Structure formats: C-alpha cells, structure tokens
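Residue numbers (full-length UniProt numbering), protein chains in the order written: chain A, 297 to 306, 314 to 423, 451 to 495, 503 to 508, 516 to 740; chain B, 50 to 120, 125 to 259; chain C, 15 to 249; chain D, 2 to 268, 349 to 463, 549 to 598. The beta-carbon is built from N, C-alpha and C at its ideal position, and this holds for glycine as well. Encoded as structure tokens, the structure appears first; notes follow it.
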Amino acid sequence: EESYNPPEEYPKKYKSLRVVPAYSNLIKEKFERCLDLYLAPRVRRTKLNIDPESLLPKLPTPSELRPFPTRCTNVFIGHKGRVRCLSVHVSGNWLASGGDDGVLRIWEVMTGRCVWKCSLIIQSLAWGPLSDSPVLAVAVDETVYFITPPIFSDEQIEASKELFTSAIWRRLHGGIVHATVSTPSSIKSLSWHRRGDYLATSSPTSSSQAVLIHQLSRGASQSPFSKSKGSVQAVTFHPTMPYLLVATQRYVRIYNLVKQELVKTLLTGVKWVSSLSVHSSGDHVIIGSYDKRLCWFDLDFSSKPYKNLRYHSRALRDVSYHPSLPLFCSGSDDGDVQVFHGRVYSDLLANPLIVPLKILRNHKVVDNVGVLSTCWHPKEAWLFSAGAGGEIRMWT
Amino acid sequence: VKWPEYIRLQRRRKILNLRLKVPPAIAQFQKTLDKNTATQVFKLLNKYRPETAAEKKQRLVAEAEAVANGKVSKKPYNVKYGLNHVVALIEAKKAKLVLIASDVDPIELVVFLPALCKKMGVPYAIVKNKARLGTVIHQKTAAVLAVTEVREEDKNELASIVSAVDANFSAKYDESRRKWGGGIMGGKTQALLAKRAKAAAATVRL
Amino acid sequence: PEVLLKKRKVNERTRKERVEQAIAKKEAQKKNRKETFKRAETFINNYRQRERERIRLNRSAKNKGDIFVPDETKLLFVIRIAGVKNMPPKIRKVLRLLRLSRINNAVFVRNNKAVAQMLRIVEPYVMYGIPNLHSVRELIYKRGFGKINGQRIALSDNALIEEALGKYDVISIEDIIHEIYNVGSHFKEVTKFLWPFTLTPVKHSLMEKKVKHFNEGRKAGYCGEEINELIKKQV
Amino acid sequence: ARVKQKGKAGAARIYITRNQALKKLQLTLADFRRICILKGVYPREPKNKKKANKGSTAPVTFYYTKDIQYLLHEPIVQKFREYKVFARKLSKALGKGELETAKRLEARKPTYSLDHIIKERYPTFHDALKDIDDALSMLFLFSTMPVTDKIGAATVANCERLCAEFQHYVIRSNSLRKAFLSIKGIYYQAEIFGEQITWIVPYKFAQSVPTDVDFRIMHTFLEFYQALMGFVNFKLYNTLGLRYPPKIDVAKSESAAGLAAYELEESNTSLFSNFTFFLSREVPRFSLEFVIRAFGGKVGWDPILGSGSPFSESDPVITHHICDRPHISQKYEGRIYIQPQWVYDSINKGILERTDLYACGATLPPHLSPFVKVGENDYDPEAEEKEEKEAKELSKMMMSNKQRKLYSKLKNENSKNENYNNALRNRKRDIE
RNA sequence: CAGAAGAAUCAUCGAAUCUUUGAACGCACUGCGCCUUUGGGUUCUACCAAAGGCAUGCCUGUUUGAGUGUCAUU
RNA sequence: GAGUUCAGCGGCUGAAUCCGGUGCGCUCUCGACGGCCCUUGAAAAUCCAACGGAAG
RNA sequence: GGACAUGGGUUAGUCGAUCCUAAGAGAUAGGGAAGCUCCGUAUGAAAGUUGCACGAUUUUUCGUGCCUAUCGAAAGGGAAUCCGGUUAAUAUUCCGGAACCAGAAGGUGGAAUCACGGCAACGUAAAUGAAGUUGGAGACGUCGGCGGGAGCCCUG
C-alpha cells in the first residue's frame, strides 16, 4: 500500500498519475529476485503455526504465594562508605552493619535508631546462634573479635564468656572485647556452628590454610583439611546435621567432620562463585556467582545445579534464604535485588517450586558497586539491603 | 623446469636445424616472400579459389533439374593445386606463377621445385606455411599452388604480381640462395664454444 | 512447508573488488592501445575516396539543382550510417547542422525542400526513410533523451517535459509523440529538446560478432518504408 | 568388522559442495549455473556445516548429491557441448574465408526443446500456474526494454507476443480480479483454475540499463520462462477452444495497434459491461485497455495511441472520458471526465466509484492496495501491574531455551507500526 | 523299487538357460574396491540388497587439450 | 540373585563362604635408578596437538 | 581298532584373519632380443581415482590462484567383553545377566558471542579456526640391582 497518494506514510505523493516517474530500480529488484531463486539456500521448517509465545509461560500464581517484601520504607544512613557486610540478631531487633570505614553500627529494626555508634575495614560479622549468648564475631583484616555489646542484658555477657573462657588467640565506648583471633591470611567469610562452639573462617588468599576451624570449648584453632586444593571463597555450616560446606571458586564441597571425609562436590559450572546460602531443611543450596548467575542446587536431585538463573546485569554478589519463610533474595552490583519464593516439599514427587516474587530497585550504585549484602529477618519477610553509599534499605 | 619429451623434441629440432649447415637446396626455403607481396599474391589467388564441394553440387543439381525438365558453357578458371598436377604443369610450361609452401614436412617433396621452376622459366615464390595455401583451395594443406590461366580482367593484375615476385624474390636473394645456410649462433654461443674449442684443442685430443 | 530464502552465497565484498580490478584493467588497456601504424595504401585509399566525394558533390550541385522530394509524408527519419576520415568541410558542416555529429546518430526531420537538398549533399553517409506511428512511439518510449539544461537526460518522467516545455503545451511523452508524428507548430522546439538517438548495430548472432566491418548491411540512400524494419531490429 | 572412517557417510556424503559438483559434472561455472536455472536446483545449507564440509569451516555453498546426480544424465548438457562444437566449426569456417559454409552452419545451429524440463519441474498444470507469476513479471519487464547486444531482438519479439497472448486470454476469460497501481508499476491479480496470479507491469518510459546487472543470467531466465509461457498459453487457448497461436495482423502491428493486432479466432465480471470508455493521449493505454476490456467495458482511444480505434473523439456513445491532463479545451457532454484512479479504484472495490470526486481537477482519494489485508489492530485507512510483570518475566527467568524471545520482534514491529498509523489519524485530524 | 498315468533315461534340434575358474579382463588369491541406476525394511542423511558396468595393445572416427613447433591477422 | 561347601525337606528351605600374618619365596607386570653400549638402537597405516588468521 | 556302516557335531560388532609396512619381490615407463623372453622400479613418463580452492556467469566456447601399481608378517604395528550357566560332541561364539568400541544423523538440556581463573607450573561441562606450516603418539638395544602390585606357595 504505497502509491501516488497513500495515507499510510508520508514515500512520495504525486498530484497525478501522469507526473509519476518510472522506477529506475525495478530491473535491480527483479535481478535480485533471479539471484535469490538459484543462489539463496532454501531451508524447510515447520512454519511456526499461529501460536502466540504467551502460551510458553506457565502459571506461577504470585497472587496466592505473595509474602511480598514490598517497597522499602525505612532508610538507615550515617555510614560514610560501602557497607561490606551486615547481620541481624536471632531476636531480630538488632541489625549490626559494617564496611571499609571500620565503623560498626547497630540499628534497632523497629525504630531505625543507630543507638550503638561505637566504631571499635570490616570483612564480615555474624551473630552467635544462642540468644542467651549474643556474641558478634567481626572480622577486621586478619583479626576476628568476639564482641558482646552491653546493650543486651548483663547476664548474657557472662553466658557468652564461658563459651571459650594454627590461629593465635588472645583474651573504648563500651568496648567489651572477649577474644581476638589472628590468622596468617585475611579472612573473607565467617560462619557459626548451630551450638555456637565452632567458628569457620575462610580466606581466598591462602591455599594450604584457606579455611580454619575454631573450637571455643578448647579455645584453639586448626585446619580441617590435610591437603586443600583450590581457592576458598566462602564457608558455612549445615543447619540440620554437622556438614561443612566450602564454596570454592568453582565447586561447592560438602565435608563431614565426624568422619573427616568428602561427601558431595557440586559443580556450579561457573567461572567464579561469589557466595552461598542454605535452606533450613539443608537439602537446598542457593549460589550467587560473579557470572551474573544464580544457581539452585538440590542435594537430592544431582551434583549439577537443579536450575540456573541469569537475569542480573552485573555480578551476583550475595544470596540469602529466609530461615523460616520460603523466600530468598539475591543482591548484585547492578543495584537491583531479585526476591524469589522457593517452596520446598518433603514429598519425593513434588519438586521445589521456585518462582520470582519481586525485583527491588532504586538503590544507588557507586564505583560499579551497588547492593553489597542482603539479610533476612528472623521472623517475617523483611529484608535488610546494604548499598555502596552507606544506605541500608528495610524492605518490609 | 621439466619439459615434456615431445616439447623438448620440438624446440631441439628448431635449434638443431639452425646450428647445422643446411645445404643450399634446403636453405633457400628459409628465405620466403615478403609480407606485402604475399598479401597481393593471395588477393589474386582468392579470386580463383576452386569451388566448394557444396557449391559444385549446387551447380550440378541445377543443371540436372534442367535436363530433368527438358533441354555450351565456359571453361572454368581457378587455381591449380596438387604436387603431381603442378609439377606436370611446370614441365608443360603452362604455369604462370608457382607458389611453394615453405614448410613441407618431408622437404624433398618440394626441394626440386625451385630448380625445376627456374629450369622451365616459370616465375616462382616461396610463401609462408602450408596452411595458407591450403586455405585457398579449401584444404588443410597445399604443398604447392600454381596459376595457369586467369580471366582477361585480371591479366594486368597477374602481370603486376609476377613483376613483384621477380623484383622482391628472384632479383633479391638469388646469391643468398646459392649459399649454405645455418651455423647461426646466439650472442654468447661463440664465446662459450671458443672456450670449449680451445680447451678441447689443448690436450683433449684422444 | 516453510522455505526461507537465506542471504545469497555471493560474498558481495570480493564481488565489487573483482568489479573494480576488471574496470582498472579496462582503463589500463585503453591507455595502452596507442598510435597504431598506418600503411601507404590506407593513405591513397582515403585520397581516392575524397576525390570520389568531390566529383559527387560537384555533379549533384552543378546542373542538378533538383530533388525528387518524397511526398505523402512530412516526417523523415535520418540515420548516419557511415563516416570517412577527413571529410570535406562541406559534408562536415551539413552533418553538424543535421545534428549527426557522431555515427549511428538518428534525427527526425520535417520533409521539405531545405532538408531534401541537405540530405542529397550528405546522401552516401545517411540512410533515411519514412517512420510510422509504431516506430516513433517505441523510439521515444525506449531511447528518447531530452535536452535538460544541456545534458543528456533520459525521459523517465513527464514532470521534466512539463517543466521544460510547458509554454508550448507539451506535458507528456505521448504529447511529444503526437507533435513529432504530426509535425505541429512546436515541431521545431520538440526536435530541439530531443537528443539524437544512438542506433548502434546490434551483434547478437555469433556470426555477427565474428565478421568484420559489421554494420547490419546498412545501405545508403532513401530506403523508403524499410527503415521501419531497421528500427524494429534496433528498438 | 572394519573401523568406519570418519566423515564417510551422513551429511558429508549427502551434501556436495559447488566446486565438487562442478568437477563431477565436468561443467564450467557458466554452464553449471545455466543448467541450474533451467532445472529446479538451488543451494541447501545443512544443520552442521562443519560436519558436512569434512571438518572444515570455510563458507561453502552446498548442493544435494542426489540433485547433482540427476544432472549427470541431462540431455541439455549434451546440447551445451554440441553448441561448443558448432561455435568452433563456425570459427574455422570464417577464419578460412568460407562465408557460405558459415551460413549453412548457422542454419543447422543446435537448438534444444525444454519439453522435459517443464514436465519434470511442473508435473501438473496447476503446479505451473502456482509459479507462473515470476515468469509473467519478467516477460512484461523485458517486453518494454530496448534491444541489447546481450539480449536479442527475437527474444524481445517473443516476449511481446507471449505477454499479449496472455493478456488476450485474461480479457477473453474475464479471469482478472484486481488491478493495483503503485510507483513500481501496475500490480495485476487474476485467478485461473483456482490458482492466484500476481504480476507487475512497469510504465513505458525511456529508462536506462543499470549496467550492474548480468544479462547472461537474464538470458537463461528469459529462455526458460518463454518456453514455460508458450506451453501454458497453448493449454489455456485449448481450454477456451481458441486456436493457438492467435494470428498476428502485420499492418495493425506496424501501426502500433497493441492488443488489437492479435485476433483470437476460434478453432463482478460485468462491472463496466454497459459502458464505453474513451482514452485520451495522457493515460497508460497499455493498462487501461487491459482492465476495462477484461471486465467487459468497451474501449476507444486516441488515434496517436494506436490504430484500430473503434471509437472517435466526437462519438457521443462515450460514457466516460479518462484524461489525466489538468486542462481539456474541447470539453464534451454526456462523456463525464474522470481521472485514471477512478477506474482502478472501481476495480479494487468491485463497485462503481464517485465520478464527481474523481472528476478532472478535483482532489484524488487515497489509493487502496487490495493486496493489503486488515491486521489484528493495524489502522485501516478506510494491582494488575504486579501480576502482569510476574507473568512477563518468568519465561525470561526460568524457561530453558527462551523461545519466548520471538515476541521481541513479532509484537514489537507490529506494535510500532500500529502505534505510528494510529497516531497518524490523530495528527491528520489535528491538521484538519 | 516306489510312484505317476502327447508318455519317453526317445529321437531330432534352428529357440533359451549355461554356477567358480581358465587366453581370463576392476584389484588380489580367505578377500578388497570404485562408477551408474533401481529397490527393501518396527522404518529411511543410516544400513542393506539387486541389476548394469570398470583389463591391456592396436586400428578408424569423435570430443577435449598441450607446444619459447610452423604461420597468418591494421 | 551367582558359585562353592555343609545340613535337610520334596525342585524347595536353612546356614557359612570370616579375621589375619607374612617371605632374598616362585610367576607376571609397572615405577624409579645404575651401567654396558655403538651398530646411539624398523617402517608405515592410524590418532592427537601446536603455529597460523580465511569467513562470519 | 584311527576299520566299516548310519546319523550328529564347529554359532563371534569385542578372539584371529581382514588394515599397515619390513627386507625383498614385482607389473607399468623405456631399452634389449631371431626368439621362447630379459634388463629395468620416479627411469629424461604430459605419472593428479572429482589434486584442491576461488567466481553475482566468463563476448552464456572457463578463467584465476595454490600444492605437486601390487605383493610380501594367521609371532612386528592395531578401535572395542566379562562373569555364571549350558552339550553325547561347540563356547571369551550358545543361554541368562552385565559392559565396551566405532560411525551416523536430528532432537532435548546446558555453554560462548570467537570463555574465565591461578604470580606460576596449570585447572574447568562447554569456550569456531580455512589455506599454509610444524610437533607428538605409534616408535624401538641390552644387562644388573632396588621399589610397587597381583596371583601362587607358607602359616596363625
């Protein structure tokens, strides 16, 4: 429908048929048709019978399953640098955060106050599993401090003391220092045992002694591996029976310390592994990777990841699963956080139902770094997100 | 470089016929009629080509139809060809102009023709390639052609061609055809042969 | 059944590179074939031809101031078939006046005494006859070129004709055809606008390509109605 | 058993390259292409090009080995070799100065008939009628081009005859359905034996050859189509009972009578049946005569457009006088003066159109292409967000091959065109 | 002997069949190939089978070539 | 679940088929050396890799 | 009776041959010889099974570029199978169970837009490579002692 006077678009408009010229390209188009007839290869297909691609998607039904961490309403500010790591207490009322500034800030979740402003770089920080012993292990370079803030009840400080009262051990605005542990390498990730008697420290720089196990009952440290192969990126403890999970650069390894043996080596198939999270049931693992990929591992499915997810535009930094609610989060340097719902069914036939729930946005990105760490609330579907600008977003 | 055997034979025969001493009866065929006169020769010869096999049958069937319905001509004029026929014409002193091909393969087929043509008093010329003569007579090759009679229109043309051959082929060469041919050597060949000759003559006489 | 025509396996990059090197070879050969030799016969042959023309021109002019001037028509088609090196100046000018400055040039002429005497002067070089409606139509419709601002422009559209000839009520190719075939008031202006056609002989047969001095057997003189066949072999 | 050598079967054995096809047939590229034009042969790309190329990776065109083996026993190939022999005998005849024998050789020049090529390419007439449109497009394109040293005068004459015969059949059988006018030319759409035929006829103008197209390729396509059209026209004329070929009036052709020269002597199709149109000297008679006579309308035309006019200028029987010139000095009465677009709009819509709107000097209603069908939403010239995003970013999140990606082109291009031509009506209304 | 009922272990003989070899001829001496065409099967770009082909010297012709062999060509 | 050996029954049913220690031991093979060489110690089929950057 | 008579008996994608080459033999090219025949084995051979690639088709008569025998080993080299059971006579072959190799196409999932990490040696589920140019395995004497393992022997 292109002619002398078409209303479709305005080729050229001609006031009359007589003024219409002769198309000088007609022979060229006909010649191109000849060449296409006997030179253009002909491929035969199934003609893609009329089928809108909207039939390919299945039904996630988010309106039913919607523990929505809706838009953030509480913003915590005051940190002058990137919040490298943050953690929430077992009670869920205290959120301790830290970063390269070396300033440790404890925030009250319900009010948003920064009551504990004592500063005391911060690699990571993790609370103890015992409520009566709220000891926070904070890693600074090669030193880890077991700090028990006086904000808690007085008796809890004494309860945390008796837990302990390779790596060398040593025993201020309320600077209640209890135990300082120094390691040859700069520890990257920290993990706590279920009973609080064991501390796992992982460092990527070291090869022989990348991971160290610290027992508070004997007050000593040791290397769980006689011969460690490959760099170690993160470490954690199984939340159901005592396995130790080593997240290397490429693989995720399960080791039983009781037998001192290897259990399963999960092949992420990824250039670089960033961080890992474990479902409370212990048979599902979520892996964040530098390849902008999220890998869901089902220990009862296969060594290979059960599913692969590659929406992030930048490297996936942190992944965390909510301890009670069937939700998990993934924060990357792109400034956007992906919130997914993972429903785990104990039945063999029922495979886990993993569907997206929300894509949180409006987070500042500084020096190609956006979201650094994310934490789940111990009680409800509330998310603490740490940005590179010192902003902590509470996604209720 | 590795030439094929037949290509090597071809080029060696070319050089060998040059280095050797060619007798005067065989060396006179190295000196052919010039390019201008040969063009004028073949202009006259192409007005007397023998009629083609189709054109002859075309004429004969034309006369056959006339008698088939119901029912004196002129003597045909053309060029005379064929070695035995032409030699018989020269000895009969009937040929006016004999044109000998310069590369008849067994050369002795035509080696006596320049002498026989000069003995009988016939103007003759040696022209290039056996194929040019063959083309005139609708053949692949003619060892020799001859002209005995031409129409009164072309009597003056033939008298001019005969004079040109006399001036450019017989008056020319002449002494050059009485000399042994060959012995021609390259630019550097004599110097190489002189070194070889003096080396051989020194003590290599066995 | 889903057959798709993929991109051609022609490699357009190397194709146009091969186009350019072939063109560069043509320019190389064109600048290479220079200064052929001239034998003595060709010089005499020209002189005999020039004397042949001089006698012809004198005999046509002296005591022969007449022309048979074909009738029952007003439009004639004149094609310059042959040319001779170093024409006599009188012949050179008449060909220039009739706009036959190059060989195979064809021009419409109004049949009258003035064009007839000029054609008689230049008779051995031009083949002329009476075009019909069919010959006039296809010649303009397939080889008509106009004088737009003094360059040779194809008559692809009627807008240019209307722009350059609107004062004489000439708007279309068909209007041009009607004016030419009827010899109207603006016939002189239309012929002025029209470029002379270039009816070069066509060599399609293998025999045509090989034979020398091929000019389709273009005879000279007034060919009458046969020129329609000659145009038909061309357009 | 034996160890099977790698790449001795499968795609490596089924597909053959172009060069290997050349050496197999002992053909040259120009002759291999020419036989590929006449036959139905074309490149075929395999799924695994590297495997089919014996492990190599150079970009190489592929053909079926079975397709090539079918060309080993082609009688046309021996005709290509016979032409090479004849061309050399002609060369020897002329080079030896034998003009008459050259003429005899030219008379007995080896020619080949494309009978079995058409049969083996199109088994049934309806198969030919399907891919007949490309042939008709080319024969009409080359029926108006000037003669070249590449394409002969006989070929041009045959193209005109075959095109005119087909136009005569369509007019006689009233098989024409739609005629559309575009800048490229005139698109005709007819139906024969149920099949649909669509071709293009350009406007007659003194164009120039682009000089970038290879006319050797055009020669073989013209040769193939002319044989195809000849046999198609023979059957169509036999179907109508008309003797084939129709006789040619030499005098009428000499006077440029067009279709009137060929007389078909016997061995909403009536949209304009009760009408006598007249043609002025500013309109495409080669197109208007075709459509009007195809739909029953009688035609008279200006004498300068061609002899054999049944009507004159002064004949009062003229119902309509088509004239695209903006000025008519000798205006008639009862012969209402319209523009050419009136006729073709009537053809497309199958109804009589508004002569007042199409009268001389009036505005021109927009041209409608009958080939364009109404789209799903394209403009014809005549709480939820959370569920939506969840249902839209799960296939790009979870689905394996992400074949849903095709929406990025199917919906995107259609929506952009729909948005443009839907907002166009808003702009034009605002301008009004 | 048994069994069968134009017979016949008949004659004549002009039509046919004629396995592997052998001058022995695709290559070898249980095998190993290539080329053209056709066909099959729980079944098809795979596999299989069938048919017709492929020795050497030379002669006549045909086509395609090679040659710094002999020339012609404004 | 096979085999072997014991018990039975009328094919069937029971059990066991285990834990060691070893040696200039014999046989075979592999690894790491040390000599003597001299004449410094078969070939090919076959498979793999590197340099290279044509093409998209 | 290993005699005679009558019947029965040898089952393989994985074991051998088949494929490769060895010393040598040997047809072909050419040359001898009256001759049955002999010499000769890349030799003054036009020594290429479709030697290979390139091209909008090149005056619809093909141009450009590149690279330039066979036999002879059932002990040498070499893709791949074990266990249990079964016969009057056959078993890595048959039966039952369990594997392996080679080649062939599509399909499904995964991977890169010609992939990353580690100072490095190098690693990984992937990670195109034409012409042309190389490298490695095959593939390499013999003797002595030591170390390792298996089976067998000894024995609680």
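- Using a Cβ-Cβ cut-off of 8 Å, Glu83 (chain D) does not count as an interface residue toward chain C, since no Cβ of chain C sits closer than that to its own.
- For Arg124 (chain C), DSSP records a beta bridge to C:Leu89.
- Between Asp383 (chain D) and the set C:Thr214, C:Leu220, C:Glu243, C:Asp189, the nearest pair of CA atoms involves C:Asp189.
- The C-beta of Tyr650 (chain A) comes no closer than 8 Å to any C-beta of chain D.
- In the structure shown, the three-state DSSP call for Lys110 (chain D) is coil.
- With respect to chain A, the C-beta atom of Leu445 (chain D) has a partner C-beta closer than 8 Å.
- Using a Cβ-Cβ cut-off of 8 Å, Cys337 (chain A) counts as an interface residue toward chain D, since at least one Cβ of chain D sits closer than that to its own.
- Only residues of its own chain outside the window of five on either side were considered, and among them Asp83, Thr86 have a CB closer than 6 Å to the CB of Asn221 (chain B), listed in chain order.
- Residue environment for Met238 (chain B): exposed (fewer than 16 other C-beta atoms within 10 angstroms of its C-beta).
- Only residues of its own chain outside the window of five on either side were considered, and among them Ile190, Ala195, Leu198 have a CB closer than 7 Å to the CB of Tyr134 (chain B), listed in chain order.
- Per DSSP, reduced to three states, the secondary structure at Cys417 (chain A) is coil, with no helix or strand assignment.
- Given a length threshold of 3 residues, each whole run of the beta strand (DSSP E) inside the region 152-227 of chain D is given here in chain order: 177-182, 187-193, 196-202.
- An exposed status is given to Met413 (chain A), since fewer than 16 other beta-carbon atoms sit within 10 Å of its beta-carbon.
- In the three-state reduction of the DSSP assignment, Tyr665 (chain A) falls in the strand class, which pools E and B.
- Near chain D, meaning a CB-to-CB distance below 9 Å, the residues of the region 169-190 of chain C are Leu169, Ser170, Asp171, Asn172, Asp183, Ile185, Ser186, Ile187, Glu188, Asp189.
- Take the alpha-carbon of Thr473 (chain A) and the one of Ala467 (chain A): they are about 10 Å apart.
- At a cut-off of 8 Å between C-beta atoms, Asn182 (chain B) does not count as an interface residue with respect to chain D.
- Of all alpha-carbon atoms in B:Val203, B:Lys92, B:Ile179, B:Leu166, the one lying nearest the alpha-carbon of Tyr130 (chain B) is that of B:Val203.
- Around the Cβ of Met738 (chain A), a 10 Å sphere holds 16 or more other Cβ atoms; the residue is buried.
- DSSP places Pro700 (chain A) in the uninterrupted beta strand (DSSP E) bounded by 697-704.
- Three or more Cβ pairs closer than 8 Å define a contact, and the region 72-88 of chain D meets that threshold against the region 30-45 of chain D.
- Within 7 Å of the CB of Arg22 (chain C), the CB atoms of chain A belong to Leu338, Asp339, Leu342, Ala343, in sequence order along the chain.
- With a threshold of 16 other beta carbon atoms within 10 Å, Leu186 (chain B) meets it and is buried.
- The Cβ atoms of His401 (chain D) and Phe356 (chain D) sit closer than 8 Å to each other.
- The residues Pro247, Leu260, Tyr263, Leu265, in chain order, have a CB closer than 7 Å to that of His169 (chain D) in the same chain once the five nearest residues on each side in sequence are set aside.
- Put simply, the CB of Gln79 (chain D) is far from chain C, with every gap to its CB atoms at 8 Å or more.
- Counting C-beta pairs closer than 8 Å gives fewer than three between the region 98-117 of chain D and the region 155-174 of chain D, which falls short of the contact rule.
- Contact between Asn118 (chain C) and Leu213 (chain C) holds, since their C-beta atoms are separated by about 5 Å, short of 8 Å.
- Rounded to whole angstroms, the separation of the alpha carbons of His218 (chain C) and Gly160 (chain C) is 28 Å.
- Within the region 101-120 of chain D, the residues whose Cβ lies closer than 8 Å to some Cβ of chain B are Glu101, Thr102, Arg105, listed in chain order.
- A residue is called buried once 16 or more other Cβ atoms fall within 10 Å of its Cβ, and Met132 (chain C) is buried on that count.
- Residue state for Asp642 (chain A) is assigned as strand, using DSSP reduced to three classes.
- Linking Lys80 (chain D) to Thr112 (chain D) through their CA atoms gives a straight-line distance of about 7 Å.
- For a cut-off of 8 Å, the C-beta gap from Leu398 (chain A) to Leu389 (chain A) is around 6 Å, short enough to register as a contact.
- The C-beta separation of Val596 (chain A) from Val629 (chain A) comes to about 7 Å, placing the pair in contact by the 8 Å criterion.
- Under the three-state reduction of DSSP output, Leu692 (chain A) falls in the coil class, being neither helix nor strand.
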